[PDB]
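Since the structure comes first, as structure tokens, the remarks are kept for the end.
As a convention, Cβ positions derive from the backbone with ideal geometry for all residues, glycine included, and neighbour counts pool all protein chains shown. Rule-based calculations on the coordinates, nothing more; no lab input.
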Amino acid sequence: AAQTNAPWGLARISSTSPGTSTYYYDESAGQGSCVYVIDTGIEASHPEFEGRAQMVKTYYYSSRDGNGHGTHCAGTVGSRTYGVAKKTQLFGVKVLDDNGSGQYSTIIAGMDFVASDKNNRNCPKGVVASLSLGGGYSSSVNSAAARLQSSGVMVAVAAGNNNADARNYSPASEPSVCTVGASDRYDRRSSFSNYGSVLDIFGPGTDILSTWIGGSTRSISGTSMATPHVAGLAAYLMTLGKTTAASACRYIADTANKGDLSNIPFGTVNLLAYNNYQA
Ligand SMILES: [Ca+2]
């Protein structure tokens, strides 16, 4: 399949070189997988999701995304137009309020909640959890992500937006999950993106067009926007039979575009998520 004039990041994770705008992909498009977006929620009514999104939990007085963040990240995962894996099932878990603030212990709860709930869902092709959130370092927050991964969910986490070494941030530093740094449309590391030997992979993070609440779209930036590109890619790869939830971070690294980003500090992998479809 081909989707012309695509947001740059979808074209980028289907290309070897920057500077084009078509997204080349296999039409199975994540059918039969599932992705949990752990965030401010998902406006499931947004037609872009076409009936393929459900809130299934909240830790606040409402399950709605009243912030837009969770809706945008979810759109990059799996909206019809702006998503990677256009036919995956989406599940929302609202751990962030509407200003986009969550206490750790609520983030921990929602993470254990996925390890359990996946068992209430039909996801024959694999299950993925996309966490576009983080803060300082916590053994506990890290341990919750390592349980979610261990429970057979591919866990994708934002490396963080301070321009540092992500080894001081959580859940990013947790070593056993897949920590996602950011790039721009000219293959630069985004000027914020965190870096450090705990990163596994980069995906598109700077000027990412996706869904926003009210039915609407906006183009925002962050490792938060890079993270659901690599979650959706993993759903896409499960579904194709290439990899598995345990194995997907390694498979994505093995098949990445290798050398191609500017400003990988020393010591940070220079790897750019790639679907290997067109070549
Ligand atoms: Ca890893």
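For the stretch 240-272, enumerate the residues that are among the β-branched types (V, I, T) and farther than 17 Å from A156 by Cα.
Just the residues of the stretch 240-272 that are among the β-branched types (V, I, T), to begin with: 243-244, 252, 255, 264, 268-269.
Matches in the stretch 240-272: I264, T268.
Considering only the stretch 214-235, state which residues are of a type outside the set (A, V, I, L, M) and surrounded by fewer than 19 Cβ atoms within 10 Å (Cβ to Cβ). Give the derivation first.
Restricting attention to the stretch 214-235, the residues satisfying the condition of being of a type outside the set (A, V, I, L, M) are 214-219, 221-224, 227-229, 232.
Once the filter is applied, which keeps residues that are of a type outside the set (A, V, I, L, M) and surrounded by fewer than 19 Cβ atoms within 10 Å (Cβ to Cβ), the stretch 214-235 yields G214, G215, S216, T217, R218, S219.
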Qualifying residues in the stretch 119-143 (those that are touching a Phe, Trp or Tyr at 6+ places or on another chain (Cβ under 9 Å) and assigned to a helix (DSSP H, G or I)) - the one surrounded by the most Cβ atoms within 10 Å (Cβ to Cβ):
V141
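Residues in the stretch 76-85: is at least one among the small types (G, A, S), part of a strand (DSSP E or B), under 17 Å from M154 (Cα atoms) and within 19 Å of the chain's Cα centre (by Cα)?
Going through the stretch 76-85, the residues among the small types (G, A, S) turn out to be 78-79, 83, 85.
Going one step further and asking which of them are part of a strand (DSSP E or B), we end up with none.
No, because not a single residue in the stretch 76-85 is among the small types (G, A, S), part of a strand (DSSP E or B), under 17 Å from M154 (Cα atoms) and within 19 Å of the chain's Cα centre (by Cα).
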Answer with yes or no whether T211 is more than 26 Å from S173 (Cβ to Cβ) and crowded, with 24+ Cβ neighbours inside 10 Å.
yes
Taking only the stretch 187-225 into account, find how many residues are out of contact with any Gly (no Cβ under 8 Å at 6 or more places or on another chain) and of a type in the set (F, W, Y).
0
Considering (1) surrounded by fewer than 24 Cβ atoms within 10 Å (Cβ to Cβ); (2) under 17 Å from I208 (Cα atoms), say which one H69 fails and leave the rest.
(1)
Reported set for the stretch 77-110 where residues are under 30 Å from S14 (Cα atoms), aliphatic (A, V, I, L, M) and in contact with a strand residue (DSSP E or B) (Cβ under 8 Å, 6 or more places away or on another chain) is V77, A85, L90, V93
The condition from (1) surrounded by fewer than 24 Cβ atoms within 10 Å (Cβ to Cβ); (2) closer than 22 Å to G41 by Cβ; (3) hydroxyl-bearing (S, T, Y); (4) in contact with a strand residue (DSSP E or B) (Cβ under 8 Å, 6 or more places away or on another chain) that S116 misses is numbered (4)
Please count how many residues of the stretch 241-256 are over 18 Å from the mean Cα position of the chain (by Cα) and buried (at least 16 other Cβ atoms within 10 Å of the Cβ).
1
Subset tally (residues that are hydrophobic (A, V, I, L, M, F, W, C) and more than 16 Å from the ligand (Cβ to nearest atom)) for the stretch 150-171:
1
Is it the case that some residue within the stretch 91-111 is more than 16 Å from the ligand (Cβ to nearest atom), part of a loop (DSSP other than H, G, I, E, B), buried (at least 18 other Cβ atoms within 10 Å of the Cβ) and β-branched (V, I, T)?
yes
Of the conditions (1) within 16 Å of the ligand (Cβ to nearest atom); (2) more than 19 Å from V230 (Cβ to Cβ), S138 satisfies every one except a single condition; which number is it?
(1)
Of all residues in the stretch 150-177 being surrounded by fewer than 24 Cβ atoms within 10 Å (Cβ to Cβ) and in contact (Cβ under 8 Å) with a residue 40 or more places away in the chain, which is nearest to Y36 (Cα to Cα)?
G152
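Quick check on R147: is it in a strand (DSSP E or B), more than 13 Å from the chain's Cα centre (by Cα) and more than 13 Å from the ligand (Cβ to nearest atom)?
Criteria not met by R147.
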Restricted to the stretch 1-32, and to residues that are in a helix (DSSP H, G or I) and touching a residue at least 40 places away in the same chain (Cβ under 8 Å), which residue is surrounded by the most Cβ atoms within 10 Å (Cβ to Cβ)?
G9
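Which one is farthest from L209 (Cα to Cα), of the residues in the stretch 33-58 that are among the polar types (S, T, N, Q) and surrounded by 24 or more Cβ atoms within 10 Å (Cβ to Cβ)?
If we filter the stretch 33-58 for residues that are among the polar types (S, T, N, Q), which is where we start, we get 33, 40, 45, 54, 58.
Checking the rest, the ones that are also surrounded by 24 or more Cβ atoms within 10 Å (Cβ to Cβ) come to 33, 40.
Numbers: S33: 23, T40: 18 Å.
Taking the candidates together, the pick is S33.
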